[PDB]
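One structure is given below, encoded as structure tokens.
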Amino acid sequence: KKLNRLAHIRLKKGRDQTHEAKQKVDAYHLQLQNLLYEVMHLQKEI
Amino acid sequence: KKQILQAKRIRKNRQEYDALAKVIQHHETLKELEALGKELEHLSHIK
């Protein structure tokens, strides 16, 4: 029982850290997408 | 930035082309002159 509880808690912590990393990567990707949209619109206007 | 320079060049070219188009606006003429010559020939025959 103690081993199962420890494993479940570790899995929850790992999933939380992965979700945090996913949010960070999504923010970076949104910044990069804004930059690419700016470049595309500037090439379209020019 | 290079594309902005190129767009400035293209805008200068478009301004020159618009100046040319406005200067021109400021085959059909030969056909109108031929019709006027035919009308003058008909008027000479009537006279």
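The way I read the labels, and the way they are meant: chains A, B, ... in the order of the structure tokens, residue 1 as the first residue of every chain, and ligand 1 as the first ligand shown, with later ones counted on from there.
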
Could the residues of chain B within 10 Å of chain A, counting only C-alpha atoms, be given as a list in words, please?
-> residues 1, 2, 3, 4, 5, 6, 7, 8, 10 and 11 of chain B

How about saving the chosen residues, C-alpha atoms kept, as a PDB file, in the first residue's frame?
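Okay, this is what ended up in part07.pdb:
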```
ATOM      1  CA  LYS B   1      13.757  45.325 -43.988  1.00  0.00           C
ATOM      2  CA  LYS B   2      15.051  44.369 -47.434  1.00  0.00           C
ATOM      3  CA  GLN B   3      11.427  43.921 -48.528  1.00  0.00           C
ATOM      4  CA  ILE B   4      10.589  47.375 -47.155  1.00  0.00           C
ATOM      5  CA  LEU B   5      13.390  48.828 -49.273  1.00  0.00           C
ATOM      6  CA  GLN B   6      12.028  46.905 -52.272  1.00  0.00           C
ATOM      7  CA  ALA B   7       8.516  48.165 -51.492  1.00  0.00           C
ATOM      8  CA  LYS B   8       9.802  51.745 -51.376  1.00  0.00           C
ATOM      9  CA  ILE B  10       8.092  49.642 -56.077  1.00  0.00           C
ATOM     10  CA  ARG B  11       6.141  52.592 -54.660  1.00  0.00           C
TER      11      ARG B  11
END
```

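Between CA of residue 40 in chain A and CA of residue 15 in chain B the interatomic distance comes to 25.1 Å.
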